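Student: If it helps, the file is called work30.cif and holds mmCIF, C-alpha atoms and all ligand atoms:
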data_input
loop_
_atom_site.label_atom_id
_atom_site.label_comp_id
_atom_site.auth_asym_id
_atom_site.auth_seq_id
_atom_site.Cartn_x
_atom_site.Cartn_y
_atom_site.Cartn_z
CA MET A 1 117.74 -77.55 93.00
CA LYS A 2 117.60 -76.99 96.74
CA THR A 3 115.00 -78.22 99.21
CA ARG A 4 113.68 -76.47 102.28
CA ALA A 5 115.94 -78.69 104.37
CA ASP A 6 118.90 -77.57 102.24
CA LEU A 7 117.96 -73.91 102.83
CA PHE A 8 117.76 -74.42 106.60
CA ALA A 9 121.08 -76.27 106.60
CA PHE A 10 122.58 -73.22 104.88
CA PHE A 11 120.96 -70.92 107.46
CA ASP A 12 122.34 -73.07 110.28
CA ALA A 13 125.89 -73.07 108.88
CA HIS A 14 125.87 -69.30 108.69
CA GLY A 15 124.00 -68.52 111.91
CA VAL A 16 120.78 -67.29 110.35
CA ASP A 17 118.08 -68.20 112.85
CA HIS A 18 114.57 -68.85 111.63
CA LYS A 19 111.01 -69.46 112.70
CA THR A 20 108.62 -71.08 110.22
CA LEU A 21 104.83 -71.33 110.17
CA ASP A 22 103.36 -73.98 107.81
CA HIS A 23 100.04 -73.17 106.17
CA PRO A 24 98.07 -73.89 103.05
CA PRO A 25 98.89 -71.53 100.18
CA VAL A 26 96.93 -68.36 100.91
CA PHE A 27 93.90 -67.60 98.71
CA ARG A 28 91.75 -65.85 101.31
CA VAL A 29 92.32 -62.47 102.86
CA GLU A 30 91.28 -63.75 106.35
CA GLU A 31 94.06 -66.37 106.30
CA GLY A 32 96.61 -63.78 105.28
CA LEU A 33 95.62 -61.61 108.23
CA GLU A 34 95.91 -64.55 110.60
CA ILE A 35 99.46 -65.20 109.38
CA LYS A 36 100.44 -61.58 109.73
CA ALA A 37 99.01 -61.54 113.24
CA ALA A 38 101.19 -64.52 114.22
CA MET A 39 104.29 -63.29 112.39
CA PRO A 40 105.44 -59.76 113.12
CA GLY A 41 107.57 -57.61 110.91
CA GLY A 42 107.78 -57.05 107.19
CA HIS A 43 105.69 -59.24 104.94
CA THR A 44 107.13 -59.40 101.49
CA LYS A 45 106.57 -59.61 97.80
CA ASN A 46 109.36 -60.73 95.52
CA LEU A 47 109.38 -59.74 91.86
CA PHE A 48 111.33 -61.80 89.33
CA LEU A 49 112.23 -59.57 86.43
CA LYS A 50 114.16 -59.70 83.17
CA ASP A 51 115.30 -56.50 81.46
CA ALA A 52 115.53 -55.67 77.71
CA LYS A 53 119.23 -56.58 77.83
CA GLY A 54 118.65 -60.05 79.31
CA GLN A 55 119.72 -59.30 82.88
CA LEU A 56 117.61 -61.01 85.59
CA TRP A 57 116.62 -59.03 88.67
CA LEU A 58 114.89 -60.00 91.91
CA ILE A 59 113.18 -57.23 93.90
CA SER A 60 112.14 -57.98 97.48
CA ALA A 61 109.83 -55.36 98.95
CA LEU A 62 107.10 -54.89 101.48
CA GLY A 63 103.84 -56.02 99.89
CA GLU A 64 102.38 -52.53 99.99
CA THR A 65 105.35 -50.75 98.41
CA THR A 66 104.36 -49.42 94.97
CA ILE A 67 106.94 -50.29 92.31
CA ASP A 68 106.67 -48.34 89.06
CA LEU A 69 108.06 -50.83 86.60
CA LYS A 70 107.64 -48.40 83.69
CA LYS A 71 110.28 -46.03 85.19
CA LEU A 72 112.37 -48.24 87.49
CA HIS A 73 115.06 -48.98 84.90
CA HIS A 74 116.26 -45.35 85.11
CA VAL A 75 116.79 -45.78 88.88
CA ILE A 76 118.62 -49.12 88.89
CA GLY A 77 120.52 -48.71 85.62
CA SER A 78 118.83 -51.65 83.86
CA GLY A 79 117.18 -52.03 80.47
CA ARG A 80 113.42 -51.69 80.35
CA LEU A 81 111.91 -54.25 82.74
CA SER A 82 109.43 -57.07 82.17
CA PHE A 83 108.49 -60.01 84.36
CA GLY A 84 110.96 -62.85 83.80
CA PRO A 85 110.03 -66.21 82.35
CA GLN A 86 108.83 -68.98 84.59
CA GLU A 87 111.55 -71.35 83.33
CA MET A 88 114.30 -68.98 84.55
CA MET A 89 112.52 -68.52 87.86
CA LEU A 90 112.88 -72.31 88.25
CA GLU A 91 116.42 -72.49 86.97
CA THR A 92 117.89 -69.57 88.98
CA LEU A 93 115.76 -69.43 92.10
CA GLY A 94 114.46 -73.01 92.30
CA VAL A 95 110.91 -71.96 93.00
CA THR A 96 107.62 -72.49 91.27
CA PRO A 97 104.96 -70.00 90.48
CA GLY A 98 103.61 -68.00 93.35
CA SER A 99 106.56 -69.02 95.58
CA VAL A 100 109.14 -66.30 94.73
CA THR A 101 111.40 -65.48 97.66
CA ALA A 102 114.79 -63.92 98.43
CA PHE A 103 115.75 -67.30 99.91
CA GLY A 104 115.72 -68.69 96.38
CA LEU A 105 119.07 -66.90 95.79
CA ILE A 106 120.66 -70.10 97.25
CA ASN A 107 119.92 -71.64 93.83
CA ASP A 108 121.55 -68.94 91.70
CA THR A 109 124.85 -70.71 91.15
CA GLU A 110 125.79 -68.69 88.00
CA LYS A 111 125.07 -65.46 89.93
CA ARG A 112 122.70 -64.39 87.12
CA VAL A 113 120.28 -62.56 89.43
CA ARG A 114 120.93 -59.01 90.68
CA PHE A 115 119.11 -58.30 93.94
CA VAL A 116 117.19 -55.10 94.81
CA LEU A 117 115.93 -54.53 98.32
CA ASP A 118 113.17 -52.02 99.15
CA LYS A 119 114.49 -49.50 101.69
CA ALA A 120 111.25 -50.03 103.64
CA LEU A 121 112.02 -53.75 103.90
CA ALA A 122 115.70 -53.05 104.83
CA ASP A 123 114.08 -50.93 107.62
CA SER A 124 111.73 -53.75 108.79
CA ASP A 125 112.55 -56.29 111.58
CA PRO A 126 111.90 -59.14 111.46
CA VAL A 127 111.24 -60.01 107.80
CA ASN A 128 109.23 -62.89 106.38
CA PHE A 129 109.65 -64.88 103.19
CA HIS A 130 108.64 -68.27 101.81
CA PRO A 131 111.17 -71.09 102.44
CA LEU A 132 111.16 -71.96 98.71
CA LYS A 133 107.42 -72.81 98.65
CA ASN A 134 104.28 -70.80 99.45
CA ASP A 135 102.89 -73.36 101.88
CA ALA A 136 104.94 -71.79 104.66
CA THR A 137 106.24 -68.45 105.86
CA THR A 138 109.66 -68.10 107.42
CA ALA A 139 110.81 -65.26 109.67
CA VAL A 140 114.41 -64.14 110.03
CA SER A 141 115.72 -60.97 111.64
CA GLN A 142 116.88 -58.09 109.47
CA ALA A 143 120.45 -58.86 110.53
CA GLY A 144 119.77 -62.51 109.62
CA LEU A 145 118.62 -61.56 106.13
CA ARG A 146 121.83 -59.56 105.69
CA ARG A 147 123.94 -62.46 107.07
CA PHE A 148 122.22 -64.75 104.50
CA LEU A 149 122.92 -62.38 101.61
CA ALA A 150 126.53 -61.91 102.76
CA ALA A 151 127.09 -65.68 102.86
CA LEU A 152 125.96 -65.92 99.23
CA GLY A 153 128.11 -62.96 98.23
CA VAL A 154 124.99 -61.04 97.20
CA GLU A 155 125.23 -57.28 97.61
CA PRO A 156 121.71 -55.79 97.67
CA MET A 157 120.99 -52.57 95.83
CA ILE A 158 118.80 -50.68 98.26
CA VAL A 159 116.13 -48.62 96.55
CA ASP A 160 113.73 -46.04 97.95
CA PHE A 161 110.78 -46.73 95.65
CA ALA A 162 108.86 -43.60 96.67
CA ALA A 163 111.75 -41.24 95.88
CA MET A 164 112.94 -43.54 93.09
CA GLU A 165 116.55 -43.36 94.31
CA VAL A 166 119.27 -45.84 95.12
CA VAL A 167 120.25 -45.38 98.74
CL CL A 201 120.16 -61.72 114.45
#
Now that the file is in, can you turn its structure into structure tokens?

Tutor:
Amino acid sequence: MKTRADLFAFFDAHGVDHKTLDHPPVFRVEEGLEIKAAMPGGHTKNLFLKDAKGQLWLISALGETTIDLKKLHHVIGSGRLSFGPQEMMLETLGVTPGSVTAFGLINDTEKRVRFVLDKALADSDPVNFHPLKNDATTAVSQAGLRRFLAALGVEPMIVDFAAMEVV
């Protein structure tokens, strides 16, 4: 299971530049606003899902993007979707509760996790995610995110969640 230092070593090897802000885990709306004020670009949510057929899925989206989980399976070609179990979140993404992040894909050595990217987040620059724990927020450019995914061999499925279409 990878550390933050391991993640940044991976970024460095592959030319993904980063800027990190350390902070207590956010439980207050004022603190969240302060972070967003210091860190431009897309601020994310990252949903760890398991479908009725056993396939794991990670959706990274802007926080405000509405995701209709009742109907999404028709769009992405999955079985009906539920939230995945915490144990698999640890095993495949190496993160603990409340710390889900696209950067956790560095831990998915069996390539069990299919990755869905909100079109609105693909069209954000920069983008911000936790560096494997929610006591920090890490910015990378949009190109950097794509460089990261490419280095892992992860092809994102880009979904327009408003139109409910793969794009
Ligand atoms: Cl870049």

Student: Residues up to 6 Å from ligand CL 201 (chain A), counting all atoms listed in the file: could you list those as a compact mmCIF listing (two decimals) with C-alpha atoms, in the coordinates of the input?

Tutor:
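This is the output file result-v8.txt:
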# COMPACT_ATOMS: atom_id res chain seq x y z
CA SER A 141 115.72 -60.97 111.64
CA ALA A 143 120.45 -58.86 110.53
CA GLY A 144 119.77 -62.51 109.62

Student: Contacts of range 9-21 of chain A at 9 Å or less, counting all atoms listed in the file, minus same-chain residues fewer than 5 places along, as a PyMOL selection string?

Tutor: chain A and resi 4+35+38-39+106+130-131+135-141+143-145+147-148+151

Student: Just C-alpha atoms for this one: save the residues we selected as a compact mmCIF listing (two decimals), in the coordinates of the input.

Tutor:
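Result file is part.txt:
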# COMPACT_ATOMS: atom_id res chain seq x y z
CA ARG A 4 113.68 -76.47 102.28
CA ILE A 35 99.46 -65.20 109.38
CA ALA A 38 101.19 -64.52 114.22
CA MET A 39 104.29 -63.29 112.39
CA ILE A 106 120.66 -70.10 97.25
CA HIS A 130 108.64 -68.27 101.81
CA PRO A 131 111.17 -71.09 102.44
CA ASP A 135 102.89 -73.36 101.88
CA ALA A 136 104.94 -71.79 104.66
CA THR A 137 106.24 -68.45 105.86
CA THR A 138 109.66 -68.10 107.42
CA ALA A 139 110.81 -65.26 109.67
CA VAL A 140 114.41 -64.14 110.03
CA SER A 141 115.72 -60.97 111.64
CA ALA A 143 120.45 -58.86 110.53
CA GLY A 144 119.77 -62.51 109.62
CA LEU A 145 118.62 -61.56 106.13
CA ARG A 147 123.94 -62.46 107.07
CA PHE A 148 122.22 -64.75 104.50
CA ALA A 151 127.09 -65.68 102.86

Student: In terms of the shortest atom-to-atom distance over only C-alpha atoms, which of A:134, A:82, A:92, A:66 is closest to residue 120 in chain A?

Tutor: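 For residue 120 in chain A, the nearest of the candidates is A:66.
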
Student: Which residue out of A:132, A:102, A:69, A:59 has the minimum interatomic distance to residue 119 in chain A when all atoms listed in the file are used?

Tutor: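 Of A:132, A:102, A:69, A:59, the one nearest residue 119 in chain A, counting all atoms listed in the file, is A:59.
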
Student: Taking all atoms listed in the file into account, which of A:114, A:129, A:161, A:24 comes nearest residue 99 in chain A?

Tutor: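 Of the candidates, the smallest distance to residue 99 in chain A is held by A:129.
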
Student: Please provide the set of residues having any atom within 9 Å of residue 94 in chain A, restricted to only C-alpha atoms, with same-chain residues fewer than 3 positions apart removed, written as a PDB file with C-alpha atoms, in the frame of the given file.

Tutor:
ATOM      1  CA  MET A   1     117.740 -77.550  93.000  1.00  0.00           C
ATOM      2  CA  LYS A   2     117.600 -76.990  96.740  1.00  0.00           C
ATOM      3  CA  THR A   3     115.000 -78.220  99.210  1.00  0.00           C
ATOM      4  CA  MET A  88     114.300 -68.980  84.550  1.00  0.00           C
ATOM      5  CA  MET A  89     112.520 -68.520  87.860  1.00  0.00           C
ATOM      6  CA  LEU A  90     112.880 -72.310  88.250  1.00  0.00           C
ATOM      7  CA  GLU A  91     116.420 -72.490  86.970  1.00  0.00           C
ATOM      8  CA  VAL A 100     109.140 -66.300  94.730  1.00  0.00           C
ATOM      9  CA  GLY A 104     115.720 -68.690  96.380  1.00  0.00           C
ATOM     10  CA  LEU A 105     119.070 -66.900  95.790  1.00  0.00           C
ATOM     11  CA  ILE A 106     120.660 -70.100  97.250  1.00  0.00           C
ATOM     12  CA  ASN A 107     119.920 -71.640  93.830  1.00  0.00           C
ATOM     13  CA  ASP A 108     121.550 -68.940  91.700  1.00  0.00           C
ATOM     14  CA  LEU A 132     111.160 -71.960  98.710  1.00  0.00           C
TER      15      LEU A 132
END

Student: Quick one: of A:127, A:56, A:76, A:166, who's nearest to residue 40 in chain A, counting all atoms listed in the file?

Tutor: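 That would be A:127, the residue with the smallest distance to residue 40 in chain A.
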